[PDB]
């Protein structure tokens, strides 16, 4: 048994990094290790309450509580850094973060996980290079991602000066963001009779690669005309969101305090929720006929990692509807074959044949027995692919190598 310190130096954002950090903590504790979850409070975020953590998470102001921060990070055997300060923090924040890295006990094994994809996101970081150089173990979502192919080669140039050193780049291991899929099912799974087959619920946030435009399109072309309802949760307001109205796309927007105002009846525009509490969404999703996760990252960013919203759909008992090309570009953890090559119960949304996609949805909607068989397959498939029991063990073995 060891002491683990999970550190989110960017702060607790409430999305995938936070989710990963919490699932990571759960796995370590479940496996007999001691864990402290620490996050920089210097920068605040909108979804800090999306996940349950307040009863154990340890906030620290890097710019003003360096001593506190240092004592925390040096009180472990393994330090896991899941995020670094954002480009908008004050000098004291980033300066003290860099000082932390330099003063971490040399004997402590520092593990760095790069949870983001595009360079756009990656460059919005401060001190990532210094973090990578101190790391004893580095993880990324793809061998061909921007982190591996752009930043790493930039920090470790394949062409040195003259009086410097060649310094080979450190090894970067692939990883999948795990979730205790069994735990979610044991808490939210509903009997098929409790599910409203006419509800189509998309979950994510306002970033175009999450595929929200495709959901609006699918609602307009097939779901709305068929008398079905569409709900989209997690779309925060921002310049990207403003583009929706500018394009003339109809929708009704709500906050949690007005969720009871959502019109879930036929012939309505997409109903949008600005932000969601994870547990509340899982409850709503478990009673929804079909869940949608239409992320469409470029192939370079895809290896084996599905996202948490992908896993949540299968885990809570709805029928998962995923972006076809993503399934084609991802490989099954078990045998390394495309996710689409399996009879998984997952409906692979095809933008080039949405008619076929909706036909399958109507088929499952009309036969509760079939519906049940299909989601049991999806649950098992996703469990085999990315449950914490498998993935965190794989990562633990790599970390302790």
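Residue numbers count along the first chain shown, from 1. In this text, rigid core is short for the largest set of C-alphas that superpose within 1.5 Å between two forms.
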Is the larger C-alpha RMS shift in 4 other deposited structures of this protein, relative to this form with the rigid core superposed, found in 283-291 or in 244-252?
244-252
Could you tell me whether residue 323 lacks coordinates in at least a third of the other compared entries whose models cover its neighbours on both sides?
no
Residue 142 not built in a third or more of the other entries
no
Given 199-207 and 264-272, the range whose Cα B-factors average higher in the PDB entry:
264-272
Highest mean C-alpha temperature factor of the two stretches 166-174 and 240-248, which is it?
166-174
Checking the entry, which one of 86, 112, 321, 306 has the top C-alpha B factor?
86
If I read the C-alpha B-factors straight from the PDB entry, which of 340, 46, 365, 357 is highest?
46
C-alpha B factor of residue 73, ranked within the chain: lowest, middle or highest third?
highest
Within-chain third of residue 220 by Cα B-factor, per the entry
middle
Ordered by C-alpha B-factor within the chain, which third holds residue 42? Give me lowest, middle or highest, please.
highest
Looking at the entry's B-factor column for C-alpha atoms only, identify whether residue 64 ranks in the lowest, middle or highest third of its chain.
highest
For residue 95, return the chain-relative third of its C-alpha B-factor as stated in the PDB record: lowest, middle or highest.
highest
